[PDB]
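Residue numbers (PDB author numbering): 1 to 132.
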């Protein structure tokens with residue numbers, strides 16, 4: 001018998017990440033969130049990496065992953081070198097990509113079965129821009 005049961009619920013799948021929005025199954029997220037093969041962490045109050053610090057990634061470090069895929073939506077920017085220090089010492093593979101690219105790498109790692117932390121930041125919090 002498959003010994004992976006007891007309220008496993010339904011396996012969430014990422015359908016499409018455009019960079020400003022993220023379509024998780026049928027859920028449209030427009031913020032920053034952490035997806036892992038354990039649960040979905042919607043609560044990540046870091047919409048901009050200008051506040052990105054191990055102190056706010058502590059929750060991520062507490063989960064203790066092997067590789068962390070950071071999606072910068074469509075606005076690619078690298079995390080503070082301060083963050084890299086904490087990652088390097090633990091041996092954490094922190095990768096900064098776009099949501100489109102991260103979705104591909106996450107697919108591979110999901111099939112590998114290795115603990116990957118998918119941190120998606122979608123830079124699409126705004127609405128109807130200026131034209132009416």
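Even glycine gets a Cβ: it sits at the ideal position worked out from N, Cα and C.
Exercise for the section: Could you check what DSSP says for residue 109 in three-state terms: helix, strand or coil? Expected result: helix
Handout entry: Start-end ranges of the beta strand (DSSP E) lying completely within the segment 41 to 105, minimum 3 residues
Key = 67 to 71 and 93 to 97
Exercise for the section: Put residue 37 into one of helix, strand or coil per three-state DSSP. Expected result: strand
Practice task
Note down the Cα distance separating residue 102 from residue 58, rounded to an integer number of angstroms.
Solution key: 21 Å
Problem - Segment contact, 8 Å Cβ cut-off, at least three pairs: the segment 66 to 80 with the segment 11 to 29 - result: yes
Practice task
Measure the beta-carbon distance from residue 115 to residue 65 and round it to whole angstroms, keeping in mind my assumption that it falls under 8 Å.
Solution key: 5 Å
Exercise for the section: Please confirm whether residue 48 and residue 120 have their CB atoms less than 8 Å apart. Expected result: no
Problem - Nearest-angstrom Cα separation, counted from residue 12 out to residue 25 - result: 6 Å
Problem - Limits of the beta strand (DSSP E) - the one that residue 13 falls within - result: Taken as a continuous stretch (DSSP letters only), residue 13 belongs to no beta strand (DSSP E), as it is neither H nor E.
Handout entry: Nearest residue (CA-CA) to residue 108, options 21, 67 and 45
Key = 67
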